[PDB]
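Listed next as structure tokens is one chain, alone, in the form deposited without the DNA.
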């Protein structure tokens, strides 16, 4: 199937641009990453740093994950991100999101060889 690393990149990586400049960014990206296919995924974060900079987080600050595993890592630096959150009136199949831009540390779970992000835990 899709590898865990590849699912992380499809759900969370949008290196493309430095910022989500359009208020429709989330509506279009949540569609284009297949996160509105069968249901509207309610909450999702996209990261606007290079893949190398995101993978490098796996050698930065070790922290526990929300699930109590200890393979989570916090970025030392803040990163450009877009938070996508479904509106209160959003109804599949016409999934509707508010786009928020931020500059926050990311927390990711890392696994595998190569040792790379497989889950987005949080932004702080």
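Numbering follows the first chain given and starts at 1. C-alpha atoms forming the largest set that superposes within 1.5 Å between two forms make up the rigid core.
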{"item": "Stretch farther from the shown model on average in 6 other deposited structures of this protein, with CA RMS computed after core superposition (43 to 51, 88 to 96)", "value": "88 to 96"}
{"item": "Comparing 43 to 51 with 29 to 37, the one whose average Cα B-factor in the PDB entry is higher", "value": "29 to 37"}
{"item": "Stretch with the greater mean C-alpha B-factor as recorded in the entry, comparing 12 to 20 against 106 to 114", "value": "12 to 20"}
{"item": "Candidate residues 95, 64, 81, 58, the one whose C-alpha B factor the record puts highest", "value": "95"}
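Separately, the form deposited with the DNA bound exists; it is not shown, and the next lines address it.
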query	finding
One residue of 27, 44, 74, 55 in contact with the DNA, assessed in the deposited complex (non-hydrogen atom, 4.5 angstroms)	44
Residue contact check: residue 83 to the DNA in the deposited complex, 4.5 Å heavy atom	yes
Distance check, residue 69 to the DNA in the deposited complex, heavy atom within 4.5 Å	yes
Proximity of residue 118 to the DNA in the deposited complex, heavy atoms at 4.5 Å	yes
Contact flag, residue 65 vs the DNA in the deposited complex, heavy atom cut 4.5 Å	yes
Residues within 4.5 Å of the DNA in the deposited complex, restricted to 3 to 34 and counted by heavy atom	7, 11, 12
